[PDB]
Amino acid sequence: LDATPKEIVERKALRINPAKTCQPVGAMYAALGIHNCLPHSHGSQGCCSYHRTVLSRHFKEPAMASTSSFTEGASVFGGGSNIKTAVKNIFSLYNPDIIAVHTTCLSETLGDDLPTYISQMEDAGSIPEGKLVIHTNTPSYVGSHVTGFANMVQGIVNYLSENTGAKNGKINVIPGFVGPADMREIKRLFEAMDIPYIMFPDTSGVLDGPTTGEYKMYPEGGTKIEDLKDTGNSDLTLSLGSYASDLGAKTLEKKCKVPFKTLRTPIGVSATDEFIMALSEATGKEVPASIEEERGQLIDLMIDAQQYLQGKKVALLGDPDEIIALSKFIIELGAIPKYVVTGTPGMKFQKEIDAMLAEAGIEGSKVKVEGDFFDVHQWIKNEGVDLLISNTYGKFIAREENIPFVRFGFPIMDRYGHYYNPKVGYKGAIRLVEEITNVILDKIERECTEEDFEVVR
């Protein structure tokens, strides 16, 4: 699985094997986090097929979205006419309570003003009694899917957040670009500390779920319009991801004036503790015996497995929020983050990683923001690493250089059941320690000599 020059070359313009994808699919993900939402791609129709096909492949599930299917002509006459028609065949045929719209390269390059287009459909009675249209602007040539997520969170606060003068004693949570299982786990934790919330997006009963025998275009998870409106009357917002929940955070607080705190995505001991600590300093809730047990069973696993988790150098690629907090966990475990890469941009990834290594006296590690898989493979060829944690395309390096691989991130389009596991919390972290220990011990028991092979490890 080869032909990478071992000899490192630095490339200026040829992007090979990217460790990111384009904004619209993050924006499609987040919009599927609203109940009775049907995402709309406003640009050519190629972009819709591609993004719904990746969402189905990673969750073995349906992504449903519609297009202003742009032709030759919209390059001359905009996409006004296109979303107008699109909205009439949507509401007529398959009616969402909300159409959440986002754009592609085309609409951003052509200068499409879907603020006036919406007001036109609206004035023109093309939006029925009581229904609605929301939009965000997801330009493909800046940022990545984390940024499309982060922008759709803002467009929905911007259209829907209200301070109607009456505070709920709820805390708003924006879970970041995490999967249904992590939203579901954090809801599990709120409620364990007995704190009412409003969590948006909420892919929970949308991108996992039951084969019951009836199909619904609008599954029943996601946030209800009414609750998305009530976010303006909360006491606090908690952003779980400075790259993904923060535009929202700010935009809710500049608009409804509901103040926000930014935490790290809750992966591993350090960042999961500061998550329960944020829930205490805020409501004043005493932390139960249960979560206490959960913390300690991570500590007995971390400690019992310790021989295998010590001095293991790891290559990690992914999205900024999840890889920053997972690199903290890898340090906490005993291991060394040797190659830390994100395709998605931003200084903060790189200088947060820099002072966790520097902090821990780890040296020789390479931190690359805006790097791909061709970079990390060339690295492995001049300096072999001990574990690989990556989304599904990590497997090509892991079979060439026989490396223990742990699939993590978006996109994993490979194994079945993975979307039912948390990676957040102490439960998620237990499951991580467990698969990291097993892929390692798997390789050992395969590699070793007959005579030199054990029964208790």
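Note that the rigid core is defined as the largest set of C-alphas that superpose within 1.5 Å between two forms. Residue numbers here begin at 1 and follow the sequence given.
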| property | result |
| --- | --- |
| Higher-deviation segment by CA RMS in 4 other deposited structures of this protein, core fitted, 72-80 or 296-304 | 72-80 |
| Mean temperature factor over C-alpha atoms, higher-scoring stretch between 107-115 and 201-209 | 107-115 |
| 178-186 set against 277-285, stretch whose average Cα temperature factor tops the other in the entry | 277-285 |
| Residue with highest C-alpha B-factor in the PDB entry, from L93, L298, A192, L309 | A192 |
| Of the residues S75, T344, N172, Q154, the one carrying the largest Cα B-factor as recorded | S75 |
| Relative C-alpha B-factor of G428, binned into the chain's lowest, middle or highest third | middle |
| Where the record places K20 (Cα B-factor, split into thirds across the chain) | middle |
| Third assignment of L441 from its chain's C-alpha B-factors | middle |
| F329 by Cα B-factor - lowest, middle or highest third of the modelled chain | lowest |
| Ranked against its chain, the third holding the CA B-factor of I403 | middle |
